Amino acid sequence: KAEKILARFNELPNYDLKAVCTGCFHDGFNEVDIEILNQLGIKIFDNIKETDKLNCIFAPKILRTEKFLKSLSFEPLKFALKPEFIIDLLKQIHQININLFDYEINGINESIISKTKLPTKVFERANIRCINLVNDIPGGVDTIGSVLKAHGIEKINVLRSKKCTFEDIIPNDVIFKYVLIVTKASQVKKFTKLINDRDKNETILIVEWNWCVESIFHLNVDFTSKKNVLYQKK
């Protein structure tokens, strides 16, 4: 059936896209439209799985979704495309000349895309390996945890803020000895006191989630930035 639609073409391009969409196409498209895409070397997965080797993300703009943030740890990310690509493509299909250059997500340039080829992840580069995350983090620890691990964090230790003792805090073993992601000033005070009582001479970094989000969008941890840093002892 799709084949009939595509019979009318002399030759089909192979876009070679393994994508997820975020902020778009939240189910699929009709079955014809989907079978066409695969014939054109475009495959769209529901969720991100490390062994499908995604290389593309469709999104209307830079977004703070789990999918968008994770797309920045593709190996590599090759294309970050507006949904208009698929739209224009199917419009034409229903010779094929839609191109991969007229549809860049504004703000995601080559310099950032190219960092996904680096042999390291952004937090791995920053020597942030094991962190502590407060249980009341917006988005919930499972998601935020999954994003952070996608970006080179190996251990995510969740802290019930109200309850936790110093012994619950894990060190960042790979440099900051203690790294914590927090929500409240009420938590900064508790944690600095605990650590400073028990491990006075050691270093501490306490940041907001937004600090991680900015690092991911830039694929760089900027340690000279005081934006989103709540406390540091170095």
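Numbering starts at 1 and runs along the sequence shown.
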Exercise for the section: Check the entry and tell me how many residues of the deposited sequence have no coordinates between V174 and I175: none, 1 to 3, 4 to 9, or 10 or more. Expected result: 4 to 9
Handout entry: Size class of the missing deposited segment between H94 and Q95
Key = 4 to 9
Practice task
Would you mind comparing 98-106 and 73-81 for me and telling me which has the higher average C-alpha temperature factor in the entry?
Solution key: 98-106
Problem - 107-115 or 126-134, whichever carries the higher mean Cα B-factor - result: 107-115
Fill in the blank from the handout: From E202, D46, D197, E66, the top C-alpha temperature factor is at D46
Problem - Third of the chain's Cα B-factor distribution that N55 belongs to, per the entry - result: lowest
Practice task
Could you look up the Cα B-factor of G145 in the entry and say which third of the chain it sits in: lowest, middle or highest?
Solution key: middle
Exercise for the section: Looking at the entry's B-factor column for C-alpha atoms only, identify whether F9 ranks in the lowest, middle or highest third of its chain. Expected result: highest
Problem - Third of the chain's Cα B-factor distribution that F29 belongs to, per the entry - result: highest
Handout entry: Cα B factor band for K163 (lowest, middle or highest third within the chain)
Key = highest
